[PDB]
Structure formats: structure tokens, C-alpha cells
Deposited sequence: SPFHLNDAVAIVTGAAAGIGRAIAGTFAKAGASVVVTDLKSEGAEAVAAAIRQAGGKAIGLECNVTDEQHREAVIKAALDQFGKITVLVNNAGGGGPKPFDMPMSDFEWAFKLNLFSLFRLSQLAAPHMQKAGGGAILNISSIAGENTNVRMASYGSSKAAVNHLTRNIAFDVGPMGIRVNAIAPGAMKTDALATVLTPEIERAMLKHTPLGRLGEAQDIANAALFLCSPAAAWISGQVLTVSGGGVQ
């Protein structure tokens, strides 16, 4: 069975709750010594603490992916704690609706959080993954990187670059032994903006009939970073119930 991560070291950025927290637990159960990592270092310690409870291998760290210094620390910490880096899940990020006349700080920040971050980390992680003989990079994109809508300037155009970054950098680090893929999630039960009348709307145009649950992405991350996705690269697997939200 190829859906495992035996003898693997995985950084997961942004993994204190939600998808990150989920990818972390799932990779740790898959057999990977997880470097849990978030901006809020205590929940990051808890997720890594939790994985330790269940018999897993993990250390929990602080890392504002937007902080170059933090990136180089996390990268250094992983090697100092597990000896190698073979998997990186760039899940930290975010976004939302903004007006067309939004302030640019909001704008440029999105490409710092959602793109600049994960590209730089991929740069820092790449040569180590090479030494191990190969690795895998997973960028958590969004359905906004595909979709087309009002008030979607920043959140849309940012995450569409992360897709198309994923497509191309595969050609760069492919030769070093590295796969690069992307998961574009739909809406996830992760809630302050949710109400049952918006729900039926969100559930319109969603063929599978439900919103998402973070183990949905987490399950897809395991696949795309495991040997079951061993010849897969340059891709963007959209997990959104057959629809938009």
C-alpha cells in the first residue's frame, strides 16, 4: 500500500487548526516525522503535542511564513531535529473578498502571504530534498485560483499564480527528484461568516450536496505527497464537491 510517508520528514506551515492541523495529523499518522509550524506557536506546539500523544513524531514551531528569518529557522530546525527534509506542505495563507478599490497594502500582502511565502520556502527546502534523493512540495491553493467573480481581485489573482507556479517549478525541481502539486479546496467547515440561509446558497451549484471537511483536503494531501502520487507533478487537484461555493 503506497499511501504512507514512512521515513519522511514533512514541514507543514500553518498547521495549528483547520487544514494545516489536519494535514499535520494525517501525515504524522502516515509515518512522517512532522515539523508542525504556525504563526501561533502554542497551538502549533499542541498539534505537535497531540501527534506525540498518538505515538507520532513531531516538534511544534513558530513560523510566520512571511518572515524570511522564520523560514530559515524552520528549515534549519527540521534538519536539526530529524536529519532531513523530504516533504513540505505550504498550507499557510488565506484570503477573502475585497473591493476593486481596495487598498494596496491589502493587495500586495496577499501575494506575500499566499505566494512569496511558499515560493521562498520551496527554494529553501529544494536543495535538502535533493540530497535525500527526492521530495515533494504541496501548495494549498483555492477554487478562487480557477473561478471568476466580483470582489475577487486579490484573492483570485494570487492563488492563480500559485497554481501556475506549481505547474512551472515542477519543471525546475523535477530533475532534482521533486514533485510539485497543488490542492485547490472549496469551502470548509473550519464559520463566523456561515448561516443556514447562506448555506443553501453555497450548496446550490455544489453537486455533491455538502460543504467540505478538512480531512477532505488532508486526505488529498496524503495522496499527492505519498508514493501513490509518485509520477504525478505539475497538477492542481480541486476538492470542492464538483462545484463552487
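The sole unmodelled region of the deposited chain is 191-193.
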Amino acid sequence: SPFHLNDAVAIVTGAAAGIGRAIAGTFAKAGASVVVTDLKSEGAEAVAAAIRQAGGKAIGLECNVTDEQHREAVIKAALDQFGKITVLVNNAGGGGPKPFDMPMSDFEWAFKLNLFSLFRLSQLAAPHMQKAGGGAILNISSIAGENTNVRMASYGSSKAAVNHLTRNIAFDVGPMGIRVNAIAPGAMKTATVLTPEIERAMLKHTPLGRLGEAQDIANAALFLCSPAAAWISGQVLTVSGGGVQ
From here on, numbers count along this sequence of modelled residues.
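Looking at 13-21 and 224-232 together, the entry lists the larger mean B-factor for 13-21, computed on C-alpha atoms.
When the C-alpha B-factors of 34-42 and 172-180 are averaged, 34-42 comes out higher.
Looking only at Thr86, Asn91, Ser142, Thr148, the residue with the top Cα B factor in the deposited structure is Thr148.
The PDB entry gives the largest Cα B-factor of the residues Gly156, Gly133, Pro127, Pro99 to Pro99. Among the modelled residues of the chain, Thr166 sits in the lowest third by CA temperature factor in this PDB entry. In the deposited entry, the Cα temperature factor of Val239 places it in the lowest third of its chain's modelled residues. Among the modelled residues of its chain, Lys57 has a C-alpha B-factor that falls in the middle third according to the deposited record.
Sort the chain's modelled residues by C-alpha temperature factor and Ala160 lands in the lowest third, per the entry.
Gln215: CA B factor lies in the lowest third for its chain, per the PDB record.
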